[PDB]
Amino acid sequence: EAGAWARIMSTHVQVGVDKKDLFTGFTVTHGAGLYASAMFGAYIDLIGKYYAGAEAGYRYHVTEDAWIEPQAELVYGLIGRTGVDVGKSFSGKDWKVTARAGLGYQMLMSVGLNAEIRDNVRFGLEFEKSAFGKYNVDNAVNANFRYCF
Amino acid sequence: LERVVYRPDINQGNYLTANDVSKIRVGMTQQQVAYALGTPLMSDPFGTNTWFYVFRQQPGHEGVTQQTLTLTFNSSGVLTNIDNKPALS
Amino acid sequence: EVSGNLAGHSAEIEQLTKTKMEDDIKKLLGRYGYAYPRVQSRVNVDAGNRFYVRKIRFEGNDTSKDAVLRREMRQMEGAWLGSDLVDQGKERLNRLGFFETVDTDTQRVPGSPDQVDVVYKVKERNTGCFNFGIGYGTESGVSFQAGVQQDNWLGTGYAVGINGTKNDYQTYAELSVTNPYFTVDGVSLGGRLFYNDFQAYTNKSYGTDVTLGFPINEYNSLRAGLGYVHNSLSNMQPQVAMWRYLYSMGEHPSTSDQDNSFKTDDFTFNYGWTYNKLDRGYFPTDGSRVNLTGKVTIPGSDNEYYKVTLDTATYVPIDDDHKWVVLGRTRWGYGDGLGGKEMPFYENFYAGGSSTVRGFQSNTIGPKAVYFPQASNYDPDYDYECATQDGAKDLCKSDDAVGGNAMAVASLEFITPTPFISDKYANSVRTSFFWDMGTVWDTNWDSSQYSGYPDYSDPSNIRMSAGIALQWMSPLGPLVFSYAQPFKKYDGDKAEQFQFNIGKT
Amino acid sequence: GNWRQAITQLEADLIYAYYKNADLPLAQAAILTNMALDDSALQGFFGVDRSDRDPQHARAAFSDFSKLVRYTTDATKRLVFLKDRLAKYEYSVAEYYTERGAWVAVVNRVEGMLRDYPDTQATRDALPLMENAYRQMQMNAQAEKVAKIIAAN
Amino acid sequence: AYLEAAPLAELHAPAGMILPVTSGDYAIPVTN
């Protein structure tokens, strides 16, 4: 569950310790930084080195056909960023349809839909937009339809 | 092109051969005639007691060959006449 | 010894004789027209009665027009029955490709000792499909794509399809209508129209064609037709092969000059020959298919050339139950000009791709473009700098395929049973092993003027690859997926190990 | 109520809900009309004449409506409609054979129409087909009989 | 569509002609 590690390169030597679920550790050189990760259903992803940032999230269930999942990630050169996804599934006696959407702050936003018909009809589309960035997407959409005889 | 394009052979009507046609005689019953020749393929839809036996063949890239046999019966089912036309006019 | 109640057919039975022979005799009499002979055995055969067919009816044709099935029979009503006159009908229906299964039956007419009912049963397949979709954004604008293709349109027997697209860089469309039956004897008639305006150099073209054809035998047919294509080119990038052609045509473009134009009006004559004895439309187990077509120019055209293409494949079963099958495929073609004229580059042959040779990128096999040293607004960081005065001072090599004047592709494919059998897969999914190879090369390549560059005239540089492929006639149409690993490649080649496409060809 | 409720109500009358949503394979659990199995939305939209399609479903429908007659007011007109639709099939088959030249099939096929549908328009329109078929041969008496029946009508 | 179908009417023969005998099927009784 824990122990030391070391590696060498062709005169440089780097050492550290891996110690434990939340796992942590550190690294130094003989040129330093920290890292950590966890696997619960939550997760942790932390990286810090002499660039920094961390990502964490968890899938939450709201209904038997819907969920909420935060996956925010920070990036340091501090650049604010976060991402939380949601979704819902649909079904019926002769069909099932899945719709998806999300928002990620930089801020990227997208939507889409996936419909499944009994035998010969398939339809879906996607749209992308963003806001508050140094660049932005005003409006873009892609869509396709198939019907078989 | 009219004489070039392939056409499948077309057969129509019942099969006839001289060996069997010569066996029919006036006085035979409908059962005897049908037995000797087989079931008629055409009859008079409007009530005349008569049977038609027509042998017609038209091979591809060939003319038409046929024989017409008309059989007439009385109200008792007894053959009354044999109309033999070995070829088309 | 042989005896029986035969109508004089003693010579035929003797020829047949000189344990299964009883059934060969049954087949002989079925050809003569005895539906139910009796053989006992020192064999005595009772020929029985002659039979006639009372009527022919179909079940399961919910979408197709009745005329579609009746025209494919050879046994006519009101005539003697023959086994050969029905079995060929059974095979004939399979070749249309409109059915999942074909069953046959013979029924007795109640109360009629010498008449039968001939009944065919089919299950119609879902074969056509229509698609459209869009793409839009403020960066590039909105693009459209749509089209429909069906082999059987509403069950009328007509083969039609409409396709086209419009976007910021090209305009393309085509329309095709073919009637497989124009006359009662099988004379076919069809044609197509298209438009192709590609703005990217500039490449604008359009044209139409009409094709006539008819059968000449049970397994053979002929086709012929006419067409016209307009071609107008401008601002083409100077190339060695391209300018050889231009010099042949009498053009003299300025040295490394991007400001240019060229247009031609070419009238052609179409012809072809086919053979088709396959026993199935989607997954065949026997027979072979040969498709030989070509075109020639006629007086009054700007170009003078001819082109012949051969496309053929053979299926041979290994297993008596047709579960193990070996498939051979080969494709050949050749073209040239007349009167000193070179063949135009827009008719050149290309090879490679999931359809023609697996594991290689589409149209990437063959001679590559060699570019001459100009200036543009893309020179700093966007253009092919060796094509300009600053990036290069001599002829620049590249991997840009230009196509050739000759090609040869062949492959061997080993078709096997699937990992498992299920109702949804038992007759819809098939897997096989294959070995693919082929080559494309040019002609009239003057290797004496360009020595430091590859010699494109040597056909021996054969490209080869192998892999595994999966076929599936899905509810959404034919799909084929495969993976292959190239073994022999040459500098400039490109590869794609995972490829798939629509299972049509 | 609404058909949307009928779909919701499927969680629990069933024949009506199946009919409203064209759940034709499920409406047969009652074993009155199966005519929906003889058509298609695409064929309808383009005005395609379905006379040449499979008539077996129409035959079953005819049998069941006869059983019900043996709503009646409308069922009788439906029986007339179906009978005429059936006659059209035989008519089309006769035309095909006339074009192909199997005159013997034409004669027997039309005679069948005469026995089975003596009151439909398809029969009156078919009558000229027998005269032609008889005139391909030397069977002049039948052509005369056909001409006489035509002149009377 | 079925309500627009043309009415049916029996055919009659000229004197001397006999019509085919009606088959035992597709018989529609007279109703109100």
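Per the PDB entry, chain C goes by the name Outer membrane protein assembly factor BamA and belongs to Escherichia coli. Under its PDB record, the entry appears with the title "BamABCDE bound to substrate EspP in the open-sheet EspP state". The UniProt entry for chain C carries this comment under Function (unreviewed entry): "Part of the outer membrane protein assembly complex, which is involved in assembly and insertion of beta-barrel proteins into the outer membrane. Constitutes, with BamD, the core component of the assembly machinery." As stated in UniProt under Sequence similarities (unreviewed entry), the record for chain C gives "Belongs to the BamA family."

Going by the annotation in the PDB entry, the name recorded for chain B is Outer membrane protein assembly factor BamE, with Escherichia coli given as the source organism.

Visitor: Tell me about the pairing of strand 10 (residues 170–179) of chain C, and name the residues and values.
Guide: All names here are of chain C. Taken together, the eight bridges between strand 9 (residues 159–166) and strand 10 define a ladder with antiparallel strand orientation. Bridged to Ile162 within strand 10 is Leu175. Taking the residues that link successive antiparallel strands as the turn, the strand 9-strand 10 hairpin has three residues. Bridge count between strand 10 and strand 11 (residues 188–198): 10 bridges; the pairing is antiparallel. Considered in strand 11, the bridge of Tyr172 is made with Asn196.

Visitor: Explain helix 2 (residues 30–37) of chain B to me, using residue names and the numbers behind them.
Guide: Residue and element names in this part refer to chain B. Along helix 2, the residues that are buried comprise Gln30, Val33 and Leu37. The buried residues of helix 2 occupy one face: seen down the axis, they fall within an arc of 65°. Relative to its buried face, helix 2 has exposed residues pointing more than 90 degrees away, namely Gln31 and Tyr35. The elements touched by buried residues of helix 2 are helix 1 (18–21), strand 3 (50–58), strand 4 (65–73) and strand 5 (79–85). Looking at the residues trailing helix 2, positive phi occurs at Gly38, about 105°.

Visitor: Tell me about the sheet that holds strand 5 (residues 99–108) of chain C, residues and numbers included.
Guide: Neighbouring strands of a sheet are bound in pairs by backbone hydrogen bonds; such pairs are parallel or else antiparallel. All names here are of chain C. Read from one edge of the open sheet, three strands run 4-6-5, paired in mixed fashion. Looking along the sheet, the strands with just one partner apiece sit at the ends: strand 4 (52–59) and strand 5. Direction aside, the axes of adjacent strands within the sheet are offset by 15° on average. Both strand 5 and strand 6 (residues 115–124) contribute to a ladder of eight bridges, which runs antiparallel. Its bridge partner lying in strand 6, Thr106 is registered against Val118. Strand contacts of helix 4 (residues 84–96): strand 5 and strand 6, with the helix running at about 160° to strand 5, the strand carrying the most contacts.

What counts, and where the lines are drawn
- Residues numbered from 1 in each chain as written, not as in the entry; some residues may be left out.
- Chains lettered and ligands numbered in written order.
- Heavy atoms only, no water.
- UniProt positions renumbered as here; feature names shortened; annotations may be inferred.
- Pairing = 2+ DSSP bridges.
- Helix = DSSP H or I, 4+ residues; strand = E, 2+ residues; numbered from the N terminus.
- Buried < 20%, exposed > 50% of the residue type's maximum accessible area, 1.4 Å probe, protein only.
- Arc of directions from axis to C-beta.
- Contact = heavy atoms within 4.5 Å.
- Axes fitted to C-alpha atoms, helices over the stretch in contact; angles between N-to-C directions.

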